[PDB]
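Enquirer: Here it is: the structure, laid out below.
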Amino acid sequence: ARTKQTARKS
Amino acid sequence: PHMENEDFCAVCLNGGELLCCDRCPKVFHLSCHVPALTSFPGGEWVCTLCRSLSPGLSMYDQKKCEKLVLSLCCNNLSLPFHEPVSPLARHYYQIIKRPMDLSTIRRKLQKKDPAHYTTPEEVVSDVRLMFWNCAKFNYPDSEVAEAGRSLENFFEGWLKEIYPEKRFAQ
Ligand SMILES: [Zn+2]
Ligand SMILES: [Zn+2]
């Protein structure tokens, strides 16, 4: 599967 | 970067570590998908919305009810109903004596739960309780009441599509 890593909101 | 997929979890709209659907652009936190995942799967993965179709629900009804509930969760109008109302909110729990939210509905889709759904009828009843509580507590002209009414219209559409052979009372 493909995984995406973005920044969480804060 | 996987730009063919969205950048925010379809359910909670936050970023982070996201699993990509291989048939639609949606992405999901492992725990936000319905049913939740405990690890990233190997090989191809298709989300519950893109999938084709004895305690607990039958496996037929389990897949349909998962599609119904995830459809609600991914609609952004559902965001006010994902979590229980803040126990600090004014008068809510004096007015609403049987609260219901989508995190509770998701938990009861699991046959390990002591209150697990055994029929689609019980699922639909809890969704309609959510809409009923929204209409009772919030003034009809408010933004939350309007989101509730619109999301209910979406939900009745999905019921006819996923369960055409069934009509759910009231
Ligand atoms: Zn999420
Ligand atoms: Zn998908």
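The chains in the structure tokens are called A, B, ... from first to last as shown; in each chain the residues are counted from 1, and the ligands are counted from 1 in the order shown.
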Which residues form the shell of 7 Å around ligand 1 when you count only C-alpha atoms and all ligand atoms, given as JSON, numbers by chain?

Expert: {"B": [9, 10, 11, 12, 13, 14, 28, 29, 31, 32]}

Enquirer: To check your reading of the model: which residues sit at most 12 Å from ligand 2 when counting only C-alpha atoms and all ligand atoms? Write the answer as a count of residues only.

Expert: 30

Enquirer: Among chain B, which ones does DSSP assign to strand (DSSP E) (computed from the backbone)? Answer as a list in words.

Expert: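 Of chain B, the ones in strand (DSSP E) are residues 17, 18, 19, 20, 27 and 28 of chain B.
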
Enquirer: Point out the residue among B:3, B:136, B:42, B:84 with the least atom-to-atom distance to chain A, counting only C-alpha atoms.

Expert: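 With only C-alpha atoms as the atom set, the closest residue is B:42.
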
Enquirer: Please provide as a list in words all residues within 12 Å of residue 115 of chain B, with the sequence filter that same-chain residues fewer than 2 positions apart are discarded (counting only C-alpha atoms).

Expert: residues 55, 56, 104, 105, 106, 107, 108, 109, 110, 111, 112, 113, 117, 118, 119, 122, 123 and 126 of chain B

Enquirer: Taking C-alpha atoms for each residue, export the selection above as a PDB file, in the first residue's frame.

Expert:
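Once everything was written out, this is part24.pdb:
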```
ATOM      1  CA  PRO B  55     -23.021 -13.511  15.971  1.00  0.00           C
ATOM      2  CA  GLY B  56     -22.979  -9.874  14.940  1.00  0.00           C
ATOM      3  CA  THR B 104     -20.212   5.168  19.136  1.00  0.00           C
ATOM      4  CA  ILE B 105     -21.837   3.873  15.952  1.00  0.00           C
ATOM      5  CA  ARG B 106     -18.434   2.825  14.624  1.00  0.00           C
ATOM      6  CA  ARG B 107     -17.670   0.997  17.878  1.00  0.00           C
ATOM      7  CA  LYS B 108     -20.974  -0.915  17.752  1.00  0.00           C
ATOM      8  CA  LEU B 109     -20.246  -2.209  14.240  1.00  0.00           C
ATOM      9  CA  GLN B 110     -17.670  -4.469  15.966  1.00  0.00           C
ATOM     10  CA  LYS B 111     -19.195  -7.791  17.044  1.00  0.00           C
ATOM     11  CA  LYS B 112     -16.920  -7.780  20.109  1.00  0.00           C
ATOM     12  CA  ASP B 113     -18.838  -4.808  21.540  1.00  0.00           C
ATOM     13  CA  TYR B 117     -25.508  -4.204  16.132  1.00  0.00           C
ATOM     14  CA  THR B 118     -27.113  -7.457  15.025  1.00  0.00           C
ATOM     15  CA  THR B 119     -29.238  -5.997  12.180  1.00  0.00           C
ATOM     16  CA  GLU B 122     -30.348  -1.175  14.629  1.00  0.00           C
ATOM     17  CA  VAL B 123     -27.663   0.764  12.736  1.00  0.00           C
ATOM     18  CA  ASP B 126     -28.852   4.908  15.916  1.00  0.00           C
TER      19      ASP B 126
END
```

Enquirer: Find the residues near residue 148 of chain B: any atom within 8 Å, counting only C-alpha atoms, skip ones fewer than 6 places away on the same chain, and give them as a ChimeraX atom specification.

Expert: /B:77-78,131,134-135

Enquirer: Since we have the selection now, will you write its residues out, keeping C-alpha atoms, as a short mmCIF file (atom, residue, chain, number, x, y, z; two decimals), in the first residue's frame?

Expert:
```
data_model
loop_
_atom_site.label_atom_id
_atom_site.label_comp_id
_atom_site.auth_asym_id
_atom_site.auth_seq_id
_atom_site.Cartn_x
_atom_site.Cartn_y
_atom_site.Cartn_z
CA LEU B 77 -21.26 17.89 7.18
CA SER B 78 -20.87 15.01 9.67
CA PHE B 131 -30.32 13.35 13.69
CA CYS B 134 -29.40 17.36 16.64
CA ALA B 135 -32.87 18.69 15.77
#
```

Enquirer: Within chain B, find each residue whose DSSP state, derived from the backbone, is alpha helix (DSSP H), and express the selection as a ChimeraX atom specification.

Expert: /B:59-74,92-95,102-108,120-137,143-162

Enquirer: Would you list the contacts of segment 5-9 of chain A as a PyMOL selection string, taking every protein, DNA or RNA residue within 10 Å and counting only C-alpha atoms, but skipping same-chain residues closer than 4 positions in sequence?

Expert: chain B and resi 1-2+7-8+13-19

Enquirer: To one decimal place, how far is atom CA of residue 68 of chain B from atom CA of residue 165 of chain B in Å?

Expert: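 Pair atom CA of residue 68 of chain B / atom CA of residue 165 of chain B returns 15.0 Å.
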
Enquirer: Please indicate the distance in Å from atom CA of residue 127 of chain B to atom CA of residue 87 of chain B, rounded to one decimal place.

Expert: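 Atom CA of residue 87 of chain B lies 20.7 Å from atom CA of residue 127 of chain B.
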
Enquirer: Can you tell me, as a VMD selection string, what residues are no more than 9 Å from residue 64 of chain B when counting only C-alpha atoms, ignoring any on the same chain fewer than 6 positions away?

Expert: chain B and resid 53 120 162 to 163

Enquirer: Can I get the selection written as a short mmCIF file (atom, residue, chain, number, x, y, z; two decimals), in the first residue's frame, with N, CA, C and O atoms?

Expert:
```cif
data_model
loop_
_atom_site.label_atom_id
_atom_site.label_comp_id
_atom_site.auth_asym_id
_atom_site.auth_seq_id
_atom_site.Cartn_x
_atom_site.Cartn_y
_atom_site.Cartn_z
N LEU B 53 -19.34 -5.62 -3.31
CA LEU B 53 -20.00 -6.48 -2.34
C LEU B 53 -20.31 -7.85 -2.93
O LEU B 53 -19.57 -8.81 -2.71
N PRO B 120 -29.09 -4.42 10.31
CA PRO B 120 -29.01 -3.05 9.76
C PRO B 120 -30.04 -2.12 10.36
O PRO B 120 -29.80 -0.90 10.44
N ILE B 162 -27.94 1.51 -1.02
CA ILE B 162 -27.27 0.34 -0.45
C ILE B 162 -28.26 -0.73 -0.02
O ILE B 162 -27.97 -1.93 -0.12
N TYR B 163 -29.44 -0.33 0.44
CA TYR B 163 -30.47 -1.25 0.91
C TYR B 163 -31.76 -1.02 0.14
O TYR B 163 -32.80 -0.73 0.74
#
```

Enquirer: Give me, please, the distance in Å between atom CA of residue 88 of chain B and atom CA of residue 69 of chain B, quoted to one decimal.

Expert: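 That distance, rounded to one decimal, is 27.1 Å.
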
Enquirer: Can you tell me, as a JSON list (two decimals) with C-alpha atoms, in the first residue's frame, what residues are no more than 12 Å from residue 80 of chain B when counting only C-alpha atoms, ignoring any on the same chain fewer than 2 positions away?

Expert:
```json
[["chain", "number", "residue", "atom", "x", "y", "z"],
["B", 11, "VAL", "CA", -12.80, 11.32, 7.98],
["B", 12, "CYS", "CA", -11.08, 13.68, 10.45],
["B", 72, "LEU", "CA", -21.58, 9.48, 6.66],
["B", 73, "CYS", "CA", -18.19, 9.96, 8.32],
["B", 75, "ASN", "CA", -19.13, 13.73, 4.38],
["B", 76, "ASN", "CA", -17.79, 16.95, 5.92],
["B", 77, "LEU", "CA", -21.26, 17.89, 7.18],
["B", 78, "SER", "CA", -20.87, 15.01, 9.67],
["B", 82, "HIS", "CA", -18.10, 12.53, 15.08],
["B", 83, "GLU", "CA", -17.50, 12.88, 18.83],
["B", 84, "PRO", "CA", -19.73, 13.24, 21.89],
["B", 85, "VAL", "CA", -20.67, 16.78, 22.76],
["B", 86, "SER", "CA", -18.27, 18.33, 25.29],
["B", 100, "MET", "CA", -25.37, 9.32, 20.01],
["B", 101, "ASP", "CA", -22.36, 10.09, 17.83],
["B", 102, "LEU", "CA", -20.52, 8.47, 14.99],
["B", 103, "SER", "CA", -17.68, 7.19, 17.14],
["B", 130, "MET", "CA", -28.22, 11.23, 16.05],
["B", 131, "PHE", "CA", -30.32, 13.35, 13.69],
["B", 134, "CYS", "CA", -29.40, 17.36, 16.64],
["B", 138, "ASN", "CA", -30.07, 22.98, 18.19],
["B", 143, "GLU", "CA", -25.64, 26.14, 11.19],
["B", 144, "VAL", "CA", -25.44, 22.84, 13.07],
["B", 145, "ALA", "CA", -29.14, 22.08, 12.66],
["B", 146, "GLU", "CA", -28.88, 22.78, 8.92],
["B", 147, "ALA", "CA", -25.86, 20.50, 8.57],
["B", 148, "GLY", "CA", -27.84, 17.82, 10.39],
["B", 151, "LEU", "CA", -26.63, 15.16, 6.16]]
```
